[PDB]
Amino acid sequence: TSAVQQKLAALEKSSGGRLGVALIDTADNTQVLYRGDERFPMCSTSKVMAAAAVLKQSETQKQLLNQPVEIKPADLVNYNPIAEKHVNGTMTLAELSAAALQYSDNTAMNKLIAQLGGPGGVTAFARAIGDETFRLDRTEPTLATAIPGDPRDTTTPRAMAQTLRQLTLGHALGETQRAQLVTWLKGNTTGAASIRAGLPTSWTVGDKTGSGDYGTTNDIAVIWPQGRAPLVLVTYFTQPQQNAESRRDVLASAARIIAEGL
């Protein structure tokens, strides 16, 4: 048990919940894992796979991001901060992807899932890029029920870190697509209290957060320190009480521990 793992375990013990961490240090290809093969509910971190899948479609359908998609009243779900602005109108697939990734818009995620043929089409893209662990089973909002022990809509911290690496640093997408995905993740508006809050302020970050029932609080990030090779960090957290409060501080603290542990 490494020093870093002792500090993560102590964090977890202080928190009352269950913590999952994976780091990939791309310089050494070194990894640090904490509960690294346990399943965790993904909640909105799954939007990264869905958006990536659509980007993969756009490598042959070249104007696909420009395609208008009607937003109907009946499309609206539980959390639609961008899409309620465009009801009885349209949004493009790039707009929908941005809304999903940068504001965690759930109606936008559902449009991405639809474009891929259902939750199975998202899982199909994960299997196509090598990830045998991720599984998306539901649409929003039910994918975030985060019920303890439920395998639906889960991944592991190990798998998700490998996937995020392959998507943002490793050629799973076309270079136009990848740089889109990076732009989007760097532009996330919902991550300031999560991984970003635990990292040196000179480091550039792209991230996607997630949140659900059972106080589920997640973040996945690609990290570029100035001076050294980038890192991928995945932090998942979930709690025993169905109505538990969010704990983005845990994710920040987990990130600080990994950053100080390099």
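All residue numbers refer to positions in the sequence shown, first residue = 1.
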property: Given 167-175 and 137-145, the range whose Cα B-factors average higher in the PDB entry; result: 167-175
property: Entry-level comparison of average CA B-factors, 203-211 and 47-55, reporting the higher stretch; result: 203-211
property: Selection from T123, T183, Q115, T107 [criterion: highest C-alpha temperature factor in the record]; result: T183
property: Selection from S194, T235, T216, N66 [criterion: highest C-alpha temperature factor in the record]; result: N66
property: Entry-reported Cα temperature factor of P225, expressed as the chain third it lands in; result: highest
property: Chain third (lowest, middle, highest) by recorded CA B-factor, residue given as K111; result: lowest
property: Record-listed C-alpha B factor of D153: chain third; result: lowest
property: Position of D25 among the chain's modelled residues by C-alpha B-factor, lowest, middle or highest third; result: highest
property: Modelled-residue ranking by C-alpha temperature factor, third containing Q241; result: middle
